[PDB]
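# Close look at the chain arrangement
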Amino acid sequence: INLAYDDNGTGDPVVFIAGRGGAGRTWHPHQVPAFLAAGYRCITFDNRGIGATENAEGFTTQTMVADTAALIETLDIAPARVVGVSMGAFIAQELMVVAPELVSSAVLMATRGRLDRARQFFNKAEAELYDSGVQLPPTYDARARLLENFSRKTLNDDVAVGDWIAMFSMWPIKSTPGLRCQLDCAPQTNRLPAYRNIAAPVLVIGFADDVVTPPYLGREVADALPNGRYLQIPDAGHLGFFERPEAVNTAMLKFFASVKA
Amino acid sequence: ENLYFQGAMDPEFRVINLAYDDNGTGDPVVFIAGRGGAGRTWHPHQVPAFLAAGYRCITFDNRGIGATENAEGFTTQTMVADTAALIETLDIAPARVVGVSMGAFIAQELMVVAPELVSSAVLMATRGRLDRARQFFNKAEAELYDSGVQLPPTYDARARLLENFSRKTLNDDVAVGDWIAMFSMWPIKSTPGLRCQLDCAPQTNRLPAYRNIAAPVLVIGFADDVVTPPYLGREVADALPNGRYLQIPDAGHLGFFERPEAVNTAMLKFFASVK
Ligand code: NA
Ligand code: NA
């Protein structure tokens, strides 16, 4: 099954893999233009479970890893640079485990390598929400998204907040069978030992105020990877790449410029 | 013992009784808890330390809590007048006051209309207006209630934990298990009273009014507090001519419960020197 993708520019290819609920579109407001300006070719796409595949259920991390590998193969861009956030970083991580040959280097944002407690609490709360059929009223849904994705410093800034709240109406997230199944595409065991075998250079970025995937969990992924290093962005919540795009793009671009394709 | 005092007449012309607790014989302190908090919230961590320091502690169940959980149609002014009535009934004017969040807001507004009832105050986790983020949070909570929708239990515990505790607590798996077990011993019931307490909050910028408050005040901000961010407490301190600001690191919105030693120390140090 083909997944929608958007292909931009020419040059060294970078494939972006969004987190749970994110269409490939998530990368265009803040990442793609900056990468096109530094000379890369950018590929974004709709993970299984999103848009045209939003009714897909019963798929797994392995399915999604295969979807990603197939995309890289179908476009004849092996090995590609990869940028992943959360579920997307986990997909990248697992891709490097089974097909290290498709990936030259990667940036992994807001990631983790095991089924830690925070993740367990998140799994349960989200699954429960789905299984109850309860609809959160809109302002209450928007307030939770604010509290979970943004830093302290952002909530203090009355202009920004009015944009984030405007931004939420432009970015609806529909409760679908696909979104539910994406919830399972996360570590269920300790994957750190399997990451010890990944040769590729890797930047892990932790966001300082991230409550969904706390920063220290990315440091555990970076420590495991022989060629991994850890970097922390201050004043960024879980949507750090949207909230501090300059700091995060500068970090990724410096790292990708230091490394061979 | 089971003590009650007569609360103020409300806007629907009813007079109700409110439960209170009174312990010790020393210098009187009145504690005003936040939204959803019974007077007993002050007993695990504040009351023993104040009694050991020779203060007398008055705690009580705010209108909308416990036996009045079904109260509705009251306003900030109703709660200010209740708190005045408590003070006048005990004949302890002018009294030291400790408020947190909604309770700090009540203390502030009490100081504005009845300054002779309060000698000095500690205001924790407070504000004198709602910024854009906090106005929205208030509207979201009102909406949840007015919609009838029940939060599933696990989701609800998660949101309570995230909203109230510092990062350093949240990253400590052992402490998280402790707080979560404790949520079950401190259920927060959804009641008409809890809903009405949500409007007992600044509807306008109150900071210019606080500029006329003479009494000495300590304002305590909790560094990781997202429900009442610490810069809003610093604005209150800046408004108050004899107010001073102090920030507790690694403290969420429930900082007096989560870092009781640092908070208690700071309060006792302030009260030993006031006036
Ligand atoms: Na490493
Ligand atoms: Na001042």
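Residues numbered from 1 in each chain as written, not as in the entry; some residues may be left out. Chains lettered and ligands numbered in written order. Heavy atoms only, no water.

How we decide: UniProt positions are given in the numbering used here, feature names are shortened, and annotations may be inferred rather than shown by experiment.
Labelled according to the PDB entry, chain B appears under the name protein Rv0554, putative Bromoperoxidase, originating from Mycobacterium tuberculosis. The UniProt entry for chain B carries the following comment under Subunit: "Homodimer." Listed under Sequence similarities in UniProt, the entry text for chain B is "Belongs to the AB hydrolase superfamily."

The name given to chain A in the PDB entry is protein Rv0554, putative Bromoperoxidase, and the organism recorded there is Mycobacterium tuberculosis. Quoted verbatim from the Subunit field of UniProt, the annotation for chain A is "Homodimer." In UniProt, chain A has this text filed under Sequence similarities: "Belongs to the AB hydrolase superfamily."

## Remarks on the sheet that holds strand 4 (residues 55–60) of chain B
All names here are of chain B. The condition that has to hold: Strands are treated as partners if at least two bridges between them are detected by DSSP. Numbering of helices and strands runs from the N terminus; a helix is a DSSP stretch of H or I covering at least four residues, while a strand is a stretch of E covering at least two. In this analysis, axes come from line fits to C-alpha atoms, helices being fitted only over the stretch in contact, and the angle between any two N-to-C directions falls in the range 0 to 180 degrees. Contact criterion: two residues are considered in contact whenever any of their non-hydrogen atoms come within 4.5 Å of each other.
A sheet is described by the order of its strands in space; here eight strands give the open sequence 1-2-4-3-5-6-7-8, paired in mixed fashion. Single-partner strands in this sheet number two, and they are strand 1 (3–9) and strand 8 (243–248). Taken pair by pair, the neighbouring strands of this sheet meet at an average axis angle of 25°, ignoring direction. As defined by bridge partners, strand 2 (residues 15–23) adjoins strand 4 across four bridges and the pair is classed as antiparallel. In the sheet register, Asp21 faces strand 4, and the bridge partner there is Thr59. Helix-sheet contacts for helix 2 (residues 76–90) involve strand 1, strand 2, strand 3 (27–32), strand 4 and strand 5 (95–100), and the interaxial angle to strand 1 is about 135°. Each of strand 4, strand 5, strand 6 (118–124), strand 7 (217–222) and strand 8 touches helix 12 (residues 260–273); the most contacted strand, strand 6, lies at about 160° to it.

## Section: the UniProt feature "active site" in chain B
Residue and element names in this part refer to chain B. In the numbering used here, UniProt assigns the "active site" feature to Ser101, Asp225 and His253. Across 153 residues of sequence, these annotated residues stay compact in space, with a maximum C-alpha separation of 11.0 Å. When you line up the elements, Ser101 lands in the loop between strand 5 and helix 3 (102–113). Sequence-distant contacts of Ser101, defined by excluding residues within four places in its chain, comprise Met124, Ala125, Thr126, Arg127, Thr228 and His253. The topology assignment puts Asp225 in the loop between strand 7 and helix 10 (230–239). Apart from the residues within four sequence positions on either side, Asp225 is in contact with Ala125, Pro230, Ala251, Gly252 and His253.

## Comments concerning the coordination of the sodium ion (ligand 1)
Residue and element names in this part refer to chain A. As a reminder, the rule being used: Counted as coordinating are nitrogen, oxygen and sulfur atoms within 2.8 Å of the metal, or 3.2 Å for Na, K and Ca, while water is not included, which may make sites look incomplete. Each residue's exposure class comes from its accessible area (1.4 Å probe, protein chains only) as a fraction of the maximum for that residue type: buried when under 20%, exposed when over 50%, partly exposed otherwise.
Around the sodium ion (ligand 1), the protein contributes the donor atoms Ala222 (O), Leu225 (O) and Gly228 (O), at 2.3 to 3.0 Å from the metal centre. Donor residues for the sodium ion (ligand 1) sit on one chain with the sequence pattern A-x2-L-x2-G. Per residue, the accessibility class of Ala222 equals that of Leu225, and both read buried.

## Some words on the UniProt feature "active site" in chain A
Residue and element names in this part refer to chain A. UniProt annotation of "active site" refers to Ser86, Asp210 and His238 when read in the numbering used here. Its place among the elements puts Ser86 in the loop between strand 4 (80–85) and helix 3 (87–98). In this fold, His238 is placed in the loop between strand 7 (228–233) and helix 11 (240–243). For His238, the residues in contact, after removing those within four places along its chain, are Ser86, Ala110, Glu148, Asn149, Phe207, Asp210, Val212 and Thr213.

## Looking at the interface of chain A and chain B
Test applied: For any pair of parts, buried area is found by adding up, for both, the accessible area (1.4 Å probe) each one loses once the two are put together. By salt bridge we mean one thing: a side-chain nitrogen of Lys or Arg within 4 Å of a carboxyl oxygen of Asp or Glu. Under this definition, polar contacts are N or O atom pairs within 3.5 Å; protein pairs additionally need one hydrogen-donor-capable and one acceptor-capable atom, and for neighbouring residues in sequence, both atoms have to be side-chain atoms. Charged residues are taken to be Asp, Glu, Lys and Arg, nonpolar residues to be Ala, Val, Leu, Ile, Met, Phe, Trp, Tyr, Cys and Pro, and polar residues to be all remaining types, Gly included.
Counting residues at the interface gives 34 residues for chain A and 35 residues for chain B. When the area that chain A buries against chain B is broken down by residue, the three leading residues are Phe121(A), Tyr140(A) and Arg143(A), summing to 22%. Inspection of the chain A/chain B interface yields three salt bridges. Here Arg143(A) ties to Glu163(B) by a salt bridge, and the two come within 2.9 Å at their closest N and O atoms. At the boundary of chain A with chain B, the tally comes to eleven residue pairs in polar contact. Of all elements in the fold, only helix 4 (117–131), helix 5 (138–149), helix 6 (152–155) and helix 7 (158–170) of chain A reach the threshold of two or more residues within the side of chain A that touches chain B. Residue contributions to the side of chain A that touches chain B peak at nine residues, all from helix 5 of chain A. Residue composition of the side of chain A that touches chain B, grouped by class: 20 nonpolar, five polar and nine charged.

## Considerations on the environment of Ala272(B)
All names here are of chain B. As for its placement among the helices and strands, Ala272 is situated in helix 12. The class for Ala272 is exposed, based on a relative accessible area of 65%. Between the C-alpha atoms of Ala272 and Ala53, which are 219 residues apart in sequence, the distance is 9.9 Å.

## Thoughts on a nonpolar patch on the surface
To be explicit about the condition: Patch definition: residues above 30% relative accessible area lacking any salt bridge, with like charges linked at up to 9 Å and the nonpolar side chains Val, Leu, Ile, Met, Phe, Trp and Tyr linked at up to 5 Å. Values of accessible area rely on a 1.4 Å probe in the Shrake-Rupley scheme; residue burial ignores everything except the protein chains shown.
A contiguous nonpolar patch, built from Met9(B), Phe13(B) and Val15(B) and spanning about 360 Å² of accessible area, is present on the exposed surface. Among the residues examined, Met9(B) registers a relative accessible area of 53% and is labelled exposed.

## Topic: the coordination of the sodium ion (ligand 2)
Residue and element names in this part refer to chain B. Protein coordination of the sodium ion (ligand 2) is provided by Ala237 (O), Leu240 (O) and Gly243 (O), with donor distances spanning 2.4 to 2.8 Å. Spacing between the donor residues of the sodium ion (ligand 2) along the chain follows A-x2-L-x2-G. Here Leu240 falls in the buried class, since its relative accessible area comes to 3%. Given the relative accessible area of 23%, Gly243 is considered partly exposed.

## Some remarks on the pattern of salt bridges
Per the stated rule, a full pass over the model turns up 27 salt bridges over all chains. As a salt-bridge pair, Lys174(A) and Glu54(A) come within 3.3 Å of each other at their nearest N and O atoms. Of this pair, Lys174(A) sits in the loop between helix 7 and helix 8 (177–182) while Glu54(A) sits in the loop between strand 3 (41–45) and helix 2 (61–74); the two residues are 120 residues apart in sequence, bridging distant segments of the chain. Ionic pairing is found between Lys189(B) and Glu69(B), a salt bridge with its closest N-O pair at 3.2 Å. Taken together, the residues span a long stretch of sequence, with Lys189(B) in the loop between helix 7 (173–185) and helix 8 (192–197) and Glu69(B) in the loop between strand 4 and helix 2 at a distance of 120 residues.

## Focus on the packing of helix 5 (residues 153–164) of chain B against helix 7 of chain B
Residues and elements named next belong to chain B. Formally: In this scheme, roughly parallel covers angles under 35 degrees and roughly antiparallel covers those over 145, while 65 to 115 is roughly perpendicular and the rest are oblique. Each crossing gets its handedness from the near helix: less than a right angle anticlockwise from the far helix is left-handed, clockwise is right-handed.
In the contact formed by helix 5 and helix 7, the axes pass within 11 Å of each other and the chain directions differ by 120°. Regarding the angle of helix 5 to helix 7, the classification is oblique. When you trace helix 5 past helix 7, the crossing you get is right-handed. Residue-level contacts link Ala157, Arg160 and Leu161 of helix 5 to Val176, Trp179, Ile180 and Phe183 of helix 7. The class makeup of the residues in the contact of helix 5 with helix 7 is six nonpolar, no polar and one charged.

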